[PDB]
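Here's the structure we're looking at; comments come further down.
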Amino acid sequence: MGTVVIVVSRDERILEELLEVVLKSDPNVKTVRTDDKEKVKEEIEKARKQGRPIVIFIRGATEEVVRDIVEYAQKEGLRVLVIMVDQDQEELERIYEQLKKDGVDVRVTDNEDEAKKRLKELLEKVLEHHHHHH
């Protein structure tokens with residue numbers, strides 16, 4: 001159908017571990033790492049043309065980056081699953097409250113292992129495609 005997973009981490013080593021999780025879960029899921037928020041949108045449309053899931057990886061995505069990409073994926077009619085993992089948690093909670101307000105699937109934590117567990121967890125909800133958040 002088409003499904004977008006927004007991964008926001010401000011630490012390098014988190015993005016690559018979460019990429020590893022997508023590859024070990026399923027390689028056919030489209031994976032993207034551009035921190036250019038417009039270039040993300042280009043690859044969102046491409047994934048909708050492929051009619052498949054896509055996992056976006058951005059280093060240091062501030063609130064106005066994340067909300068801007070999430071609402072765009074919703075314009076396309078795609079299901080949005082958002083992981084935000086970094087030690088600047090209160091910052092990620094302002095992103096969280098903005099997206100949660102809409103009813104977007106969101107989660108915030110700061111832990112390598114937890115991030116990687118909940119990464120595969122989302123990918124399994126997407127392949128199953130039964131558990132839509134709202």
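Residues are named by chain letter and number: chains run A, B, ... in the order of the structure tokens, numbers start at 1 in each chain, and ligands are numbered from 1 in the order shown.
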
Would you give me, as a PyMOL selection string, the residues in segment 67-106 of chain A that DSSP reads as alpha helix (DSSP H)?
chain A and resi 67-75+89-102

Residues just named, written with C-alpha atoms as a PDB file, in the first residue's frame:
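Below is the file that was written, part.pdb:
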```pdb
ATOM      1  CA  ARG A  67       6.237  17.492  11.703  1.00  0.00           C
ATOM      2  CA  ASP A  68       6.776  18.780   8.108  1.00  0.00           C
ATOM      3  CA  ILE A  69       7.695  15.307   6.739  1.00  0.00           C
ATOM      4  CA  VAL A  70       5.051  13.388   8.837  1.00  0.00           C
ATOM      5  CA  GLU A  71       2.083  15.527   7.575  1.00  0.00           C
ATOM      6  CA  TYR A  72       3.434  15.094   4.001  1.00  0.00           C
ATOM      7  CA  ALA A  73       3.357  11.266   4.274  1.00  0.00           C
ATOM      8  CA  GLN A  74      -0.250  11.662   5.544  1.00  0.00           C
ATOM      9  CA  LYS A  75      -1.110  13.789   2.418  1.00  0.00           C
ATOM     10  CA  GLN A  89      14.344  13.651  25.602  1.00  0.00           C
ATOM     11  CA  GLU A  90      12.267  16.781  26.506  1.00  0.00           C
ATOM     12  CA  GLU A  91      13.084  18.071  22.993  1.00  0.00           C
ATOM     13  CA  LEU A  92      11.738  14.819  21.421  1.00  0.00           C
ATOM     14  CA  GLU A  93       8.627  15.161  23.715  1.00  0.00           C
ATOM     15  CA  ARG A  94       7.663  18.474  21.946  1.00  0.00           C
ATOM     16  CA  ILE A  95       7.877  16.568  18.614  1.00  0.00           C
ATOM     17  CA  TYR A  96       5.938  13.707  20.296  1.00  0.00           C
ATOM     18  CA  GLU A  97       3.053  15.909  21.616  1.00  0.00           C
ATOM     19  CA  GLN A  98       2.677  17.590  18.169  1.00  0.00           C
ATOM     20  CA  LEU A  99       2.314  14.255  16.289  1.00  0.00           C
ATOM     21  CA  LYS A 100       0.368  12.513  19.149  1.00  0.00           C
ATOM     22  CA  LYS A 101      -2.147  15.424  18.944  1.00  0.00           C
ATOM     23  CA  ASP A 102      -2.943  14.318  15.353  1.00  0.00           C
TER      24      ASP A 102
END
```

Taking the chain letters and numbering used in this document, name the residues of segment 43-72 of chain A that DSSP puts in strand (DSSP E), as a PyMOL selection string.
chain A and resi 53-59

Can I get the selection written as a PDB file, in the first residue's frame, with N, CA and C atoms?
```
ATOM      1  N   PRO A  53       6.478  -0.299   2.307  1.00  0.00           N
ATOM      2  CA  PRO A  53       7.079   0.451   3.438  1.00  0.00           C
ATOM      3  C   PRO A  53       8.420   1.145   3.095  1.00  0.00           C
ATOM      4  N   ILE A  54       8.721   2.175   3.887  1.00  0.00           N
ATOM      5  CA  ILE A  54       9.946   2.967   3.793  1.00  0.00           C
ATOM      6  C   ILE A  54      10.322   3.435   5.208  1.00  0.00           C
ATOM      7  N   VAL A  55      11.617   3.365   5.553  1.00  0.00           N
ATOM      8  CA  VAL A  55      12.125   3.797   6.861  1.00  0.00           C
ATOM      9  C   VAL A  55      13.145   4.923   6.636  1.00  0.00           C
ATOM     10  N   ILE A  56      12.790   6.124   7.097  1.00  0.00           N
ATOM     11  CA  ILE A  56      13.602   7.338   6.962  1.00  0.00           C
ATOM     12  C   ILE A  56      14.520   7.464   8.187  1.00  0.00           C
ATOM     13  N   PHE A  57      15.806   7.741   7.955  1.00  0.00           N
ATOM     14  CA  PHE A  57      16.805   7.931   9.017  1.00  0.00           C
ATOM     15  C   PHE A  57      17.377   9.343   8.899  1.00  0.00           C
ATOM     16  N   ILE A  58      17.126  10.183   9.909  1.00  0.00           N
ATOM     17  CA  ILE A  58      17.637  11.564   9.948  1.00  0.00           C
ATOM     18  C   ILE A  58      18.417  11.794  11.248  1.00  0.00           C
ATOM     19  N   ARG A  59      19.658  12.290  11.107  1.00  0.00           N
ATOM     20  CA  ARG A  59      20.445  12.794  12.231  1.00  0.00           C
ATOM     21  C   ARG A  59      19.998  14.227  12.563  1.00  0.00           C
TER      22      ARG A  59
END
```

Can you pull out the residues contacting segment 14-25 of chain A? Cut-off 9 Å, using only C-alpha atoms, and skip same-chain residues under 4 positions away; I want them as a ChimeraX atom specification.
/A:7-10,29,31,33,55,57-59,85-86,111-112,115-117,119-120,123-124

Gap from atom CA of residue 48 of chain A to atom CA of residue 11 of chain A - Å, one decimal
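Separation between atom CA of residue 48 of chain A and atom CA of residue 11 of chain A: 28.2 Å.
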
Between atom CA of residue 51 of chain A and atom CA of residue 5 of chain A, what is the distance, to one decimal in Å?
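Spanning atom CA of residue 51 of chain A to atom CA of residue 5 of chain A is a straight-line distance of 14.0 Å.
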
Please measure the separation of atom CA of residue 104 of chain A and atom CA of residue 79 of chain A, giving the value in Å to one decimal.
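So the answer is 8.3 Å.
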
Polymer residues at most 9 Å from residue 81 of chain A, only C-alpha atoms, same-chain spacing of 2 or more positions, as JSON, numbers by chain:
{"A": [3, 4, 5, 6, 7, 79, 83, 104, 105, 106, 107, 122, 126, 133]}

Taking N, CA and C atoms for each residue, export the selection above as a compact mmCIF listing (two decimals), in the first residue's frame.
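Written out: again_14.txt:
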```txt
# COMPACT_ATOMS: atom_id res chain seq x y z
N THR A 3 3.79 2.83 3.34
CA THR A 3 3.88 3.10 4.79
C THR A 3 5.23 3.78 5.10
N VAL A 4 5.21 4.88 5.87
CA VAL A 4 6.43 5.66 6.20
C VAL A 4 6.76 5.54 7.70
N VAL A 5 8.01 5.18 8.01
CA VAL A 5 8.52 5.07 9.39
C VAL A 5 9.58 6.16 9.61
N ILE A 6 9.27 7.18 10.42
CA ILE A 6 10.16 8.32 10.67
C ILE A 6 11.06 8.02 11.88
N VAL A 7 12.36 7.83 11.63
CA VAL A 7 13.36 7.60 12.67
C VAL A 7 14.19 8.88 12.88
N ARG A 79 0.57 5.26 6.16
CA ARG A 79 0.56 5.04 7.62
C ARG A 79 1.93 5.46 8.20
N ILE A 83 9.66 6.73 15.51
CA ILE A 83 10.60 6.46 16.62
C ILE A 83 11.49 7.69 16.79
N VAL A 104 -0.87 10.38 15.16
CA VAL A 104 0.28 9.68 14.55
C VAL A 104 0.88 8.69 15.57
N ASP A 105 1.35 7.52 15.08
CA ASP A 105 2.03 6.54 15.93
C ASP A 105 3.40 7.07 16.32
N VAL A 106 3.59 7.35 17.61
CA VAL A 106 4.84 7.94 18.13
C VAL A 106 5.30 7.22 19.40
N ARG A 107 6.63 7.20 19.58
CA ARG A 107 7.28 6.66 20.78
C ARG A 107 8.62 7.36 20.99
N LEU A 122 7.79 -2.22 14.94
CA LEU A 122 7.04 -1.41 13.96
C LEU A 122 6.99 -2.12 12.59
N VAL A 126 3.76 -3.31 10.30
CA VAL A 126 3.64 -2.83 8.92
C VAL A 126 3.39 -4.00 7.95
N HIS A 133 -2.73 2.55 14.03
CA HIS A 133 -2.71 3.24 15.34
C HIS A 133 -4.04 3.95 15.67
```

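For residue 49 of chain A, the residues within 12 Å (counting only C-alpha atoms, excluding itself and residues fewer than 3 positions away along the chain) are residues 1, 2, 3, 30, 42, 43, 44, 45, 46, 52, 53, 54, 76 and 78 of chain A.
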
Residues as selected, N, CA, C and O atoms, written as an mmCIF file, in the first residue's frame, can you do that?
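Now in result20.cif:
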```cif
data_model
loop_
_atom_site.group_PDB
_atom_site.id
_atom_site.type_symbol
_atom_site.label_atom_id
_atom_site.label_comp_id
_atom_site.auth_asym_id
_atom_site.auth_seq_id
_atom_site.Cartn_x
_atom_site.Cartn_y
_atom_site.Cartn_z
ATOM 1 N N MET A 1 0.853 -1.215 0.000
ATOM 2 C CA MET A 1 0.000 0.000 0.000
ATOM 3 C C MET A 1 0.884 1.258 0.000
ATOM 4 O O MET A 1 0.746 2.136 -0.858
ATOM 5 N N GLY A 2 1.803 1.312 0.975
ATOM 6 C CA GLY A 2 2.681 2.463 1.195
ATOM 7 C C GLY A 2 2.638 2.879 2.660
ATOM 8 O O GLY A 2 1.562 3.198 3.177
ATOM 9 N N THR A 3 3.787 2.832 3.344
ATOM 10 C CA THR A 3 3.879 3.098 4.790
ATOM 11 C C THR A 3 5.226 3.778 5.103
ATOM 12 O O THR A 3 6.259 3.310 4.646
ATOM 13 N N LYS A 30 11.990 -0.418 1.736
ATOM 14 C CA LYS A 30 12.827 0.706 1.280
ATOM 15 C C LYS A 30 13.435 1.437 2.496
ATOM 16 O O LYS A 30 12.742 1.703 3.466
ATOM 17 N N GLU A 42 10.836 13.502 -1.612
ATOM 18 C CA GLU A 42 11.098 12.937 -2.949
ATOM 19 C C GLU A 42 11.058 11.399 -2.896
ATOM 20 O O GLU A 42 10.395 10.748 -3.713
ATOM 21 N N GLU A 43 11.765 10.840 -1.891
ATOM 22 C CA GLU A 43 11.881 9.381 -1.697
ATOM 23 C C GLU A 43 10.607 8.761 -1.060
ATOM 24 O O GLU A 43 10.374 7.558 -1.221
ATOM 25 N N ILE A 44 9.774 9.591 -0.367
ATOM 26 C CA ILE A 44 8.445 9.164 0.158
ATOM 27 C C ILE A 44 7.522 8.820 -1.023
ATOM 28 O O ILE A 44 6.871 7.764 -1.040
ATOM 29 N N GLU A 45 7.503 9.733 -2.017
ATOM 30 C CA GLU A 45 6.704 9.580 -3.238
ATOM 31 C C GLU A 45 7.141 8.329 -4.017
ATOM 32 O O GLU A 45 6.291 7.562 -4.464
ATOM 33 N N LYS A 46 8.475 8.123 -4.128
ATOM 34 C CA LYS A 46 9.052 6.948 -4.812
ATOM 35 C C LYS A 46 8.593 5.633 -4.144
ATOM 36 O O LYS A 46 8.241 4.679 -4.834
ATOM 37 N N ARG A 52 5.125 0.218 -1.154
ATOM 38 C CA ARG A 52 5.743 -0.584 -0.082
ATOM 39 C C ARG A 52 6.129 0.311 1.123
ATOM 40 O O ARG A 52 6.069 1.547 1.020
ATOM 41 N N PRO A 53 6.478 -0.299 2.307
ATOM 42 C CA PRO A 53 7.079 0.451 3.438
ATOM 43 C C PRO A 53 8.420 1.145 3.095
ATOM 44 O O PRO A 53 9.147 0.742 2.175
ATOM 45 N N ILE A 54 8.721 2.175 3.887
ATOM 46 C CA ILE A 54 9.946 2.967 3.793
ATOM 47 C C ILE A 54 10.322 3.435 5.208
ATOM 48 O O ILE A 54 9.447 3.798 5.992
ATOM 49 N N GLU A 76 -0.166 11.806 1.353
ATOM 50 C CA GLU A 76 -0.056 10.670 0.422
ATOM 51 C C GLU A 76 -0.970 9.494 0.832
ATOM 52 O O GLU A 76 -1.133 8.542 0.062
ATOM 53 N N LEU A 78 -0.460 7.556 3.536
ATOM 54 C CA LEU A 78 0.430 6.491 4.035
ATOM 55 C C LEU A 78 0.408 6.465 5.581
ATOM 56 O O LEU A 78 0.227 7.508 6.224
#
```
